[PDB]
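K.L.:
mind folding the following:
(chains A, B, C, D, E, F, G, H, I and J, ligands or ions: 2)
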Amino acid sequence: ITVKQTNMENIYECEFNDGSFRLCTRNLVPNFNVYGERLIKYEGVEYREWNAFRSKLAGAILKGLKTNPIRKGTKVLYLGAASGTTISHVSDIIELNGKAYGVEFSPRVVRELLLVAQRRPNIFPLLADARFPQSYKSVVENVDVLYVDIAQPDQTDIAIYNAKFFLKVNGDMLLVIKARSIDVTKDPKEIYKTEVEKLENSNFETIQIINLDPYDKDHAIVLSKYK
Amino acid sequence: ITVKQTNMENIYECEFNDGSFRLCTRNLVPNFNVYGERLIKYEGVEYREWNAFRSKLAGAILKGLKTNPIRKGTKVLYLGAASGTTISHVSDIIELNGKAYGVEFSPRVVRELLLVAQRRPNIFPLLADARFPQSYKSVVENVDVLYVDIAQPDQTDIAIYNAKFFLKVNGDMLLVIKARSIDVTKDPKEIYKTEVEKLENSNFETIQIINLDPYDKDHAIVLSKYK
Amino acid sequence: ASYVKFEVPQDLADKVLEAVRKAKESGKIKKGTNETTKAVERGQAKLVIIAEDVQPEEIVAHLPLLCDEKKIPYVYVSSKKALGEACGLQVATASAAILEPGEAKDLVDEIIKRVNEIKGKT
Amino acid sequence: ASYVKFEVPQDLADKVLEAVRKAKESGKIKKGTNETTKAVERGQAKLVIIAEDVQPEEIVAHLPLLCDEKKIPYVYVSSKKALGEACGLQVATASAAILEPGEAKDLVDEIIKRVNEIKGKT
Amino acid sequence: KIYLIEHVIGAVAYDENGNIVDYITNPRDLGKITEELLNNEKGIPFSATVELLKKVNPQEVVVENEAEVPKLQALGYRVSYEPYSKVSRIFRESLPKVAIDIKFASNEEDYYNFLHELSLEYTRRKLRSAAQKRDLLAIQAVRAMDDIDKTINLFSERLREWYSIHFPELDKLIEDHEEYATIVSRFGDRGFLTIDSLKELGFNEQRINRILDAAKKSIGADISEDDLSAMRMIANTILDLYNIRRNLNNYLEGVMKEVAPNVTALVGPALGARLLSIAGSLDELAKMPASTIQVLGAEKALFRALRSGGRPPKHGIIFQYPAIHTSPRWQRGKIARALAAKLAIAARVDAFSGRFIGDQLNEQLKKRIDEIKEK
Amino acid sequence: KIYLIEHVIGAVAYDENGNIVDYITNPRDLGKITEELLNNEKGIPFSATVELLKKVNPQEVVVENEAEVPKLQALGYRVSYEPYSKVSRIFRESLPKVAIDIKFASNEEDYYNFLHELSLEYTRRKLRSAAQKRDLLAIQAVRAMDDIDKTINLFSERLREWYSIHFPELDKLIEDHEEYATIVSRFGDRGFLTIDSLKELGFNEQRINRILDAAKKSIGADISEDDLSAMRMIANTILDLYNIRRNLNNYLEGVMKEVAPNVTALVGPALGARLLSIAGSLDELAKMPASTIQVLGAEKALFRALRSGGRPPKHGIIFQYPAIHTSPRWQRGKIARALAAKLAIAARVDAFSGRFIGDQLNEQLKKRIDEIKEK
RNA sequence: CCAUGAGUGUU
RNA sequence: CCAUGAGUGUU
RNA sequence: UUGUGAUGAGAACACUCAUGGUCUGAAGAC
RNA sequence: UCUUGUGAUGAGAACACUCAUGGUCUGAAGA
Ligand SMILES: Nc1ncnc2c1ncn2[C@@H]1O[C@H](CSCC[C@H](N)C(=O)O)[C@@H](O)[C@H]1O
Ligand SMILES: Nc1ncnc2c1ncn2[C@@H]1O[C@H](CSCC[C@H](N)C(=O)O)[C@@H](O)[C@H]1O
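P.N.:
Residues are numbered from 1 along each chain as shown, chains lettered A, B, ... in the order given. Ligands and ions are numbered 1, 2, ... in the order given. You can find the structure just below:
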């Protein structure tokens, strides 16, 4: 075992007892885990294992994500917080100075997101419809990074509307493109192309495009800067 | 509605009230049905609707079996009688003067074949393994037709062993080739080919080969004469 | 009436009916509440037209919410027979939508911009 | 022993042990009760050899039944170590089979023809 | 012209360049800020905002939210709204700070500490309302009712295979599961079957004769009491489950008449509940086209079709409507299309008013079915 | 040289050309012919054959059945056998008729009527023998026991979703389904939860405090007694089903030690029945190679493997053996191969003798497991 | 039926 | 998992 | 240690919930 | 003339299950 910092802030690697390598983050609330992940102590510090098959964000990294706009003290808008798997790791990364605004419209699942956010002052859960940003307008601020992981056929259009409300100009958007929630008929490569184009016509500048296969089938993630 | 004889003895067709055409046989035990089949009266005669999707023999006819060695008064050995669906129709065809000897080794299903055989003096159920013809040797006679429909990987060889016990010389064998019970890996066409080779090296003279699709997938049926 | 969100002056209501008529010919439209609904849900509609004289009222009560989710503009007209017969039908139609304006582009653009004002938008 | 159906003269048992050896080099054989079993169920085997001194007895008790269903002839020998080392192993093998005789075809044909006699077949 | 902003922080008035013309700080209180946010959803202006509109006496105000516009017009002002305005962006760009400046909190430390405990309460509050919706009770209950059905079939299928070891002939004689189970439960060993005891269970004589005669000539195995009691455990459960099911049905009809009477009127409580279940809620169902309602529950067929350009399903869970699965096949497509249609209407009126038209909706429907059957 | 033919009809002696040297007709009695046929399976000659072999006094006789020869040698005769001999073929060629000649039946009319009613009695008799096999009882119980496992899980998953409308937090607090069901069953409304009643069910205090605190601060919906009663219906059923499961288990272990003790010794009663279940019978199991036992219950993975040339499954139903699903994956393939191997032996000794060696079998296995675990 | 997220049973 | 044969549930 | 089975096998089975993907579109009958 | 965008026409694909029979890994090397 060994833990070591990486090319990206507050993100670490583990050499393991057997020779396997996993991403992990510096746990903001020691001795607690949000999903099932392994808790690990090294040099008296507690790290949380970051499963790449579960978190789209960690997936993108190992699949060669260039630049990671989510760092220390970053203010981030999270569309689709769900149970809180990924957002808990962006919580560990932005670290109290930063803020994570988590928007999620499913009561069954906000129920569990609640539990994650109580433990973390970093996270502000918002039971709201991401199609009406006017509904959480009155609670949030504007943000540096806009992370969007919603299953909606019009997700990209939803992402854009949320940007021109809250994305600081020259800020970044991470957009997860869910091809099979956009149209199960169409081929995912076509879907990727038509969606990135929607983005470029709303003057987002395509920085990188990752295919999350095999971590997530028929998914891609887009990094871009809003102008 | 109208019933008419066909090119094969005791097998008839129905014109129907709407325009559908179905095979049927002359019911040997009136006002009784063995599976769910329709009972229909025409010129005061009761016929049993013969479903081709359920019975391979009726299936074969519709897929163009030139000649039917199973006719009036035929003595036929039936390997694999099951619940009694097909054999009850060959009962209707061979007609009291004929005999149908039904070999089947699964108790759960002979359980119901029994019920078919009580109503028909025509049929002799034999709870026995077709791999050991010696076990029913002592009850049956020699026969004109050898009908074989068993799921066993060595089905063809079973059929042959049974022939040189009970098949009259210059008699006929109807063999159902169940490709997916011989080898699910291999191609069904390969199987059809290699198995008929077994027949010819055992001096059966291949008369006809029918493919039962769409009545039954991955099945072919062989008519041949024993020498 | 109760699913009627704002008030359309009849000059506007007629400006619409013509945009619809120009759209049948040179462009693409959908007619009938069910097809209109699929058109909004699929994000195809550029304008959804709802008639004011529909009964029971609820048959179209959902179209304003659907249009608010997809940020698609909607307008009212007085007669379901007017609109139905506008659409090229000989029966009434409770709602419809323009998917492709064609040679009504300028006409539809002036409509969404005048209904935006009576709705109070800057 | 109880799974041993008939009596093998050791002249025969020796004729066999050699027929196995001739088949390893020029033909194909399977060695071991499990491979022997699969060889029978698959109808690959032309001859199944069972050792007479196997313990526990039941380990090969099924091969006669299996051989009778699939009509493959079987023979016994005295030592499993004889057979095992016959097979080209340095351990014992409780059973084995010839799939392809090679240059033992003739040697095997006489074997199937002598065991048919002591078994009482005309 | 003054651009108005409504926030947790309070109410702030802006000039068109982005300078605070004036402000009114919100009370630093969880209870009240929650209530005002909940009300601002309905459009109700902050009481901190009404106060600010008195300090300044502005000719033109513009709010962020369009549901606010009508409420403030009735208050005397000339109002419009501008979404994602430059002004509102500016405000939020300055939002770590202007929380301190207008003196709502002493530092960044407990602006964010307060805001955090507010967001937990705001969403705790919404979470509780959603849970309070009556249709959820209907949906879970029919889902449980379906699971009980599933299970009754599974155990019945098991029991017949098991009990048929002792008494095989009985299987094809008693077609009904609840029946088959009563006999196994109450008699057990086939030698206990009597004319009388069987007559006490409402079996007619010609059936009783066929059973007893079957039981005597039975080719089943003799089997110990220990073996039979094992069976009868399963047999008694099937009986227990039939009762639990009947109770759930009654419960369902109850809830269902409250929450969607128009839908119940057309298709019955259980089928109505099933549709809610697939839709998720009455409100989702009410937003659906009939062409969707017609195929809800037939997604396997539907998407193999849309994927391959093949033939779509004529009916989904709606197939359960007796008029559809009873009729000949060439009628079903037409009857389904009609059912879906009326359901779409029925769903909307339950959702948006609660007014009842279930009687005529049913009657209209039964006309259309008659025309079809007359062809 | 005399060819002997044994048939329903009686016993006939033939010369090599095919002429009846002599014959002895069987009595026209169903009961007696049945018993002789059943016994002829074991090799026993018809008593009609012994009578005939005294009348003719032949030097070399040849029978149809190879199981008959030693029985007749032990009676003093020189015997061999010929399968599908011309004579036996010849005999059956003339079989409608020779029933009349040797005067067993007067005409075809009641040769065939007798033969027909013989066959019904012969196979009715065999059918009854099959039903009487002890492992069938084993097989059905473990199948029912699994249906209950499935159903318990199914209702528990439903109940938690349902009960969570009223008390969502309880879901993540009570991990055990039988526990959760108990709380819902006895208390119902969360306001009825007290320290004492919870303690009387054996909850430790650090937990009792956590439930009550959660219940007090709960964001769940208020709900009628009617609503709770529907839920508690499912809750009590889960509890009922748990007791039936425990019961069936006892029944199972009992039968399983009787019918296959060597197998129970290795894998326990249930996994043993399950292997019986998938195989069909103990005798089907006993004929299997270890390489098959190892993958029983994993046909889905397996036939995708054999079809595509991909990787075959390491374990089928055998995966359920604690030593396999508990150990790290790199050991599993080996432990399974070991288990399959020992199981194949165990089944053969269970089927072919009944001799008990499950202890040396278990012990050999735990040795091989230890060697593996030390790597 | 597909994709994603959180889970359960034999254990 | 595939094929065949007999069936069940919502009905 | 091992044909009474070494080695390989990145495919034991059975389920739940959440979110999204959810037909056609003007003609038919006498 | 009648029904019909408040939905005609088409739709050779409502969903969930049970049993019976067959197809059921490798093959000599490892620390
Ligand atoms: N319109 C909408 N508003 C808010 N959330 C939405 C939404 N549409 C879909 N979602 C949410 O999008 C989520 C998709 S799964 C995304 C999970 C999360 N980002 C993670 O990586 O762990 C669901 O929880 C769903 O509730
Ligand atoms: N060795 C064997 N001896 C006798 N029957 C066998 C057998 N192997 C398989 N079978 C039987 O072959 C049957 C295949 S299903 C055949 C269907 C039937 N002939 C009909 O059309 O009505 C099974 O019921 C099985 O019991």
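
K.L.:
how about the strand or helix carrying residue E:243 and chain F, any contact?
P.N.:
Secondary structure assignment for residue E:243, by DSSP states H and E: helix E:225-259. Yes - residues of helix E:225-259 contacting chain F under CB under 8 Å from any CB of the partner chain: E:226-227, E:229-230, E:233-234, E:237, E:240-241, E:244, E:247-248, E:251, E:254. From N, CA and C alone the C-beta is placed, and that goes for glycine too.

K.L.:
just the buried ones among those residues, please.
P.N.:
Buried residues within these, defined by neighbour count using 16 or more other CB atoms under 10 Å in any protein chain shown: E:227, E:230, E:233, E:234, E:237, E:240, E:241, E:244, E:248, E:251, E:254.

K.L.:
touching, the fourth one and residue F:245? I think so.
P.N.:
No - with contact defined as CB atoms under 8 Å, residue E:234 does not reach residue F:245; the gap is 11.0 Å.

K.L.:
circling back to that earlier point, export the residues of helix E:225-259 next to chain F to JSON lines and tack on distance to RNA strand J?
P.N.:
Converted to JSON lines, these look like this (distance: CB to the nearest atom of the strand, whole Å):
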{"residue": "E:226", "distance to RNA strand J": "22"}
{"residue": "E:227", "distance to RNA strand J": "18"}
{"residue": "E:229", "distance to RNA strand J": "21"}
{"residue": "E:230", "distance to RNA strand J": "17"}
{"residue": "E:233", "distance to RNA strand J": "18"}
{"residue": "E:234", "distance to RNA strand J": "13"}
{"residue": "E:237", "distance to RNA strand J": "16"}
{"residue": "E:240", "distance to RNA strand J": "19"}
{"residue": "E:241", "distance to RNA strand J": "14"}
{"residue": "E:244", "distance to RNA strand J": "18"}
{"residue": "E:247", "distance to RNA strand J": "21"}
{"residue": "E:248", "distance to RNA strand J": "17"}
{"residue": "E:251", "distance to RNA strand J": "21"}
{"residue": "E:254", "distance to RNA strand J": "25"}
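
K.L.:
show me which residues of the stretch 101-250 of chain E are close to chain A?
P.N.:
E:112-113, E:115-116, E:118-120, E:122-124, E:126-127, E:130-131.

K.L.:
among the residues you listed, which are in helices?
P.N.:
E:112-113, E:115-116, E:118-120, E:122-124, E:126-127, E:130-131 (DSSP state H).

K.L.:
for the residues you listed, work out which two are farthest apart.
P.N.:
Maximum pairwise distance among those (CB to CB): 28.5 Å, between E:112 and E:131.

K.L.:
which parts of the strand ranked longest in chain A are buried?
P.N.:
Identified as the longest strand of chain A according to DSSP state E is strand A:167-178. Within strand A:167-178, the residues that qualify as buried are A:167, A:168, A:171, A:172, A:173, A:174, A:175, A:176, A:177, A:178, counting by 16+ other CB under 10 Å.

K.L.:
ok, those residues vs chain F, which is closest?
P.N.:
Within the buried residues of strand A:167-178, the smallest distance to chain F is 25.2 Å, found for residue A:178 (CB to the nearest CB).

K.L.:
so who does that closest one touch?
P.N.:
Contacts were defined as CB atoms under 8 Å, 6 or more residues apart in numbering or on different chains; by that measure residue A:178 touches A:151, A:155, A:218, A:219.

K.L.:
switch the cut-off to 10 Å
P.N.:
Contacts for residue A:178 (CB atoms under 10 Å, 6 or more residues apart in numbering or on different chains) come out as A:56, A:80, A:149-153, A:155, A:188, A:191, A:195, A:216, A:218-220.

K.L.:
counting neighbours, what do you get for residue E:59?
P.N.:
8 (other CB atoms under 10 Å in any protein chain shown).

K.L.:
what's the closest non-adjacent residue to it?
P.N.:
With sequence-adjacent residues excluded and distances taken as CB to CB, 6 or more residues apart in numbering or on different chains, residue E:59 is closest to residue E:78, at 6.6 Å.

K.L.:
what about the one you found, neighbour count?
P.N.:
Neighbourhood size, residue E:78 [other CB under 10 Å]: 12.

K.L.:
surely it touches residue E:53?
P.N.:
No - using CB atoms under 10 Å, residue E:78 is not in contact with residue E:53, being 11.6 Å away.

K.L.:
mutual contacts of the two, please.
P.N.:
Joint contacts of residue E:78 and residue E:53 (CB under 10 Å, 6+ apart) are E:61, E:72.

K.L.:
in contact with residue C:64, which residues?
P.N.:
Residue C:64 makes contact with C:3, C:4, C:5, C:6, C:48, C:50, C:74, C:76, according to CB under 10 Å, 6+ apart.

K.L.:
and residue 141, its phi and psi?
P.N.:
Going with chain A. Dihedral pair for residue A:141: phi -120, psi -170, per degrees, to the nearest 10.

K.L.:
run the chain-centre distance for the helix holding residue E:243.
P.N.:
Offset of helix E:225-259 from its chain centre (CA atoms, centre = their mean, to the nearest Å): 23 Å.

K.L.:
quick check: what element follows that helix along the chain?
P.N.:
helix E:261-267.

K.L.:
tabulate the residues of the stretch 101-250 of chain E next to chain A (JSON lines), appending distance to residue F:335 and neighbour count.
P.N.:
Converted to JSON lines, those look like this (distance: CB to CB, whole Å; neighbours: other CB atoms under 10 Å in any protein chain shown):
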{"residue": "E:112", "distance to residue F:335": "54", "neighbour count": "19"}
{"residue": "E:113", "distance to residue F:335": "54", "neighbour count": "13"}
{"residue": "E:115", "distance to residue F:335": "55", "neighbour count": "21"}
{"residue": "E:116", "distance to residue F:335": "51", "neighbour count": "20"}
{"residue": "E:118", "distance to residue F:335": "56", "neighbour count": "18"}
{"residue": "E:119", "distance to residue F:335": "51", "neighbour count": "22"}
{"residue": "E:120", "distance to residue F:335": "49", "neighbour count": "17"}
{"residue": "E:122", "distance to residue F:335": "54", "neighbour count": "23"}
{"residue": "E:123", "distance to residue F:335": "49", "neighbour count": "24"}
{"residue": "E:124", "distance to residue F:335": "50", "neighbour count": "17"}
{"residue": "E:126", "distance to residue F:335": "52", "neighbour count": "20"}
{"residue": "E:127", "distance to residue F:335": "47", "neighbour count": "21"}
{"residue": "E:130", "distance to residue F:335": "49", "neighbour count": "17"}
{"residue": "E:131", "distance to residue F:335": "48", "neighbour count": "21"}
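
K.L.:
quick one, phi/psi of the residue of chain E positioned farthest from its centre?
P.N.:
In chain E, the greatest distance from the average C-alpha position (CA atoms, centre = their mean) is reached by residue E:217, at 53.1 Å. Torsion angles at residue E:217 (phi, psi; degrees, to the nearest 10) stand at phi -80, psi 10.

K.L.:
gap between it and residue A:155?
P.N.:
70 Å (CB to CB, to the nearest Å).

K.L.:
what's the closest of the residues of helix E:225-259 next to chain F to residue C:19?
P.N.:
The closest of the residues of helix E:225-259 next to chain F, once distances to residue C:19 are taken by CB to CB, is residue E:254, at 49.9 Å.

K.L.:
which residue does the stretch 251-375 of chain E bring closest to RNA strand J?
P.N.:
Of all residues in the stretch 251-375 of chain E, the one sitting closest to RNA strand J is residue E:333 (2.8 Å; CB to the nearest atom of the strand).
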